[PDB]
């Protein structure tokens, strides 16, 4: 195939930028801080469950919501013995509290019957509830977005919404049920990959990784959007053999393209790179949270990785910041190892772009601890704050199903300083486990 260059009018995680990361990540500015294992507790209210991917109830701008005097955190939880047991639980604390022990458990958001009662063809085939976001509406409602995963339909993933009805008293919160529970988006083929395209490849045994998940709600000027983990479609730079010849995915220069493309073509990562077409996608919603418009991706990762997770985006001090979590084990970049775990970050003057890499390369956070390390963390999430130059980084701590006595839990939070197009971890800024805000 002949070399070409096509950006599709979107931003790209380039091979050249990613290659700079192995050397750059040695700087403590970009490193998840060391945690103290003897301070680490299981979520007392979770009662023997693994609790991993979590997200706070947020105001439209991403700041932590105050629901009737409480903070609310939604989290994936399930049986450590069953990797396919994943449901969304709702945890809550009184505003002002910081202890991990302050987090009470309201239980599952959903009843098993809810997906059937929803009168929603896709939802009644759901087998697992995967990550998303939650916004606190202007009329005081808890508005959840999450991933409908269907194990029965070859791992179909559908962006889904529901309103969570919650009674509040001086002592407790209680989930009464849900309403407006509906599928929003399952891909369109042209802009974002759908499950049929995955099945076209031969699903799981093809080596392809189909994703359409981790939706993050955000507003700008009263317009409503979800930014989410996805993969490109046929019209915005699809996976395939031809993709390795697109200079937009390499960057730097034709000299670098020539050298890097030929190396990749001769490597054992050729097929992996061909299949890699991860994207951070965007859709606009209507005021009833239905689909208004499929939009172009904010960024894509063709050749680099098929998996850029937990999309997060917010405006802070005049600039827009876009983050994603990603595993080095799924990348094709020399120098990046199977131990390496990242939060990558991008910056723009506008929500819809264009986005340029945060610390020249995209590196914001690096974690490389052994999967066996009790203080291992993943799923790092930047929580925007009402004021100041710091965001709070949350993550989950222990690997799922690894230890009988130590479950996946809220990691100790820490501070990330953000100014202009640069970030640095704040020295000795470790907070409580699952702490959402600096202010108390």
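Positions refer to the first chain, counted from 1.
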property: Residue 28 - Cα temperature factor, lowest/middle/highest third of chain; result: lowest
property: Chain thirds of CA B-factor: placement of residue 10; result: highest
property: Residue 80 - Cα temperature factor, lowest/middle/highest third of chain; result: highest
property: Chain thirds of CA B-factor: placement of residue 62; result: middle
property: Third of the chain, ranked by Cα B-factor, where residue 288 sits; result: middle
